[PDB]
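**Q** Fold the following and give me the result.
(2 chains, ligands or ions: 2)
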Number of protein chains: 2
Amino acid sequence: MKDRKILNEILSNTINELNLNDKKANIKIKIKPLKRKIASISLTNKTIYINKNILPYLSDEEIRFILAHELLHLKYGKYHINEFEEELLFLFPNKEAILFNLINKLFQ
Amino acid sequence: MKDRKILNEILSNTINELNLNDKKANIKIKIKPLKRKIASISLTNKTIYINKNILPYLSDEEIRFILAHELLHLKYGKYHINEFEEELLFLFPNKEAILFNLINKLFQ
Ligand SMILES: [Zn+2]
Ligand SMILES: [Zn+2]
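**A** Numbers count the residues shown, from 1 in each chain, chains lettered A, B, ... in the order given. Ligands and ions are numbered 1, 2, ... in the order given. Now the structure:
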């Protein structure tokens, strides 16, 4: 299985810097097979799902990026509005290169 | 094979709006297997390569996006400098969601 220690720390750190601590009792990561996604959310119970089949291929920085991306959907909703994009760029100044690198790494 | 009609139209429309018509005599799309990329360029020849294996899975909007992305590499060089990023966002205001949707689709 994937090391829970780094996931626990990334989740706690990212919730703190995104000012989501009011939702710390609700937000949890669950690792399960996902049909057509690398990650998803259940807005109802604040669960972040990570695709069990993707997780071994992700670098630590990519896991930080994907968790921040899903937390920003929990914070702002379905769309990448300017506030969402500004916070994501603040957490990941190199997010454009990360994104282009990710599609090229994962196509199966 | 992938319908050439939409590729011809997207290529000519995008070259025109990116003010690259003085390179219309040189820029061509070639479809071939690519080892670790969805698309690439050869700025010496001005050829845009599209990965033969990924092309059937791309939506029309994704093809428009990928061609604009590679044309901007032909226009500005290797790096996503501010002018590059501004033009890409102008052509595709929803580019962040396009990039994440591309990741989800090509991993499955
Ligand atoms: Zn690029
Ligand atoms: Zn998103």
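
**Q** With chain B as the reference, measure out to residue A:76.
**A** Residue A:76 sits 12 Å away from chain B, going by CB to the nearest CB, to the nearest Å. To be clear about C-beta, it is placed using only N, CA and C from the backbone, and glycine gets the same treatment.

**Q** So for that residue, what's the nearest residue that isn't a sequence neighbour?
**A** residue A:84 (4.5 Å; CB to CB, 6 or more residues apart in numbering or on different chains).

**Q** Can you get me a residue count around the one you found?
**A** 17 (other CB atoms under 10 Å in any protein chain shown).

**Q** my guess is it contacts residue A:72, does it?
**A** Yes - shown here, residue A:84 and residue A:72 form a contact pair, counting by CB atoms under 8 Å, at 5.1 Å.

**Q** For the host helix or strand of the residue nearest to residue A:76, which helices and strands make contact with it?
**A** Assigning secondary structure by DSSP states H and E places residue A:84 in helix A:82-91. On a contact count with 3 or more CB pairs under 8 Å, 6 or more residues apart in numbering or on different chains; DSSP states H and E, helix A:82-91 meets helix A:60-76.

**Q** Render the CA-only coordinates of the helix it packs on in PDB, please.
**A** Once non-C-alpha atoms are left out, helix A:60-76 reads as follows in PDB (Å, rounded to 0.1, in the frame of the first residue of the first chain):
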ATOM      1  CA  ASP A  60       5.400  13.300  -4.000                       C
ATOM      2  CA  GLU A  61       5.000  16.700  -5.700                       C
ATOM      3  CA  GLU A  62       2.200  15.300  -8.000                       C
ATOM      4  CA  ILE A  63       0.300  13.900  -4.900                       C
ATOM      5  CA  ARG A  64       0.600  17.300  -3.200                       C
ATOM      6  CA  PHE A  65      -0.800  19.000  -6.400                       C
ATOM      7  CA  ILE A  66      -3.700  16.500  -6.900                       C
ATOM      8  CA  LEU A  67      -4.700  16.800  -3.200                       C
ATOM      9  CA  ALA A  68      -4.600  20.600  -3.400                       C
ATOM     10  CA  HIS A  69      -6.700  20.500  -6.700                       C
ATOM     11  CA  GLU A  70      -9.400  18.300  -5.100                       C
ATOM     12  CA  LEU A  71      -9.400  20.400  -1.800                       C
ATOM     13  CA  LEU A  72      -9.900  23.500  -4.000                       C
ATOM     14  CA  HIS A  73     -12.900  21.900  -5.700                       C
ATOM     15  CA  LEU A  74     -14.200  21.200  -2.000                       C
ATOM     16  CA  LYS A  75     -13.600  24.900  -1.200                       C
ATOM     17  CA  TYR A  76     -14.800  26.600  -4.400                       C
END
